[PDB]
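Structure first, commentary second.
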Amino acid sequence: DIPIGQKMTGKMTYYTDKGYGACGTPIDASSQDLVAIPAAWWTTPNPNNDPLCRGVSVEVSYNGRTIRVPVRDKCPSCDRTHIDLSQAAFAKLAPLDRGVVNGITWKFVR
């Protein structure tokens, strides 16, 4: 299930896709705050119908700052605690030229 409120340690990368995410909604990761959630959390056989797509966000903390962004996409290559933030969201927490940041904390929220 989706463990709302449970903090996890992991890593964050970012991506820049523009199109439709796995939730079936239009996304522009260069200009919108959102997150792609690792595949291990997805449950429904049709991704547009996943509960991750209905009112679920994440709160991501790094270096004393926390942001809150909606789940809009799936990261098939991400391990369990590796989130792929939009470029726009990632830049609010860390410099884009860092590329990957280990040691973030994140949790699903509603």
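Every chain in the structure tokens takes a letter, A first, then B, and so on in the order presented; its residues are numbered from 1, and the ligands are numbered from 1 following the presented order.
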Handout entry: Spatial neighbours of residue 9 of chain A, max dist 8 Å, only C-alpha atoms, sep filter under 4 positions, as a PyMOL selection string
Key = chain A and resi 81+103-106
Dump C-alpha atoms for the selected residues as a compact mmCIF listing (two decimals), in the first residue's frame?
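After the write, result_11.txt holds the following:
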```txt
# COMPACT_ATOMS: atom_id res chain seq x y z
CA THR A 81 13.54 5.07 -2.50
CA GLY A 103 20.64 11.38 1.39
CA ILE A 104 17.32 13.13 0.87
CA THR A 105 14.25 12.25 2.85
CA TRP A 106 10.79 11.96 1.37
```
Problem - Residue set, chain A restricted to strand (DSSP E), as a ChimeraX atom specification - result: /A:8-15,18-20,26-28,35-38,57-62,65-75,82-86,101-109
Problem - Contacts of residue 101 of chain A at 10 Å (only C-alpha atoms; same-chain gap of 5+ positions) as a ChimeraX atom specification - result: /A:10-14,62,82,90,93-96
Fill in the blank from the handout: Closest of A:19, A:110, A:41, A:3 to residue 58 of chain A, counting only C-alpha atoms, is A:110
Exercise for the section: Would you mind writing down, as a PyMOL selection string, each residue of chain A that DSSP on the backbone assigns to alpha helix (DSSP H)? Expected result: chain A and resi 87-90
Exercise for the section: Using only C-alpha atoms, pick whichever of A:27, A:52, A:78, A:22 has the shortest atom-to-atom distance to residue 40 of chain A. Expected result: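 Residue with the minimum atom-to-atom distance to residue 40 of chain A: A:78.
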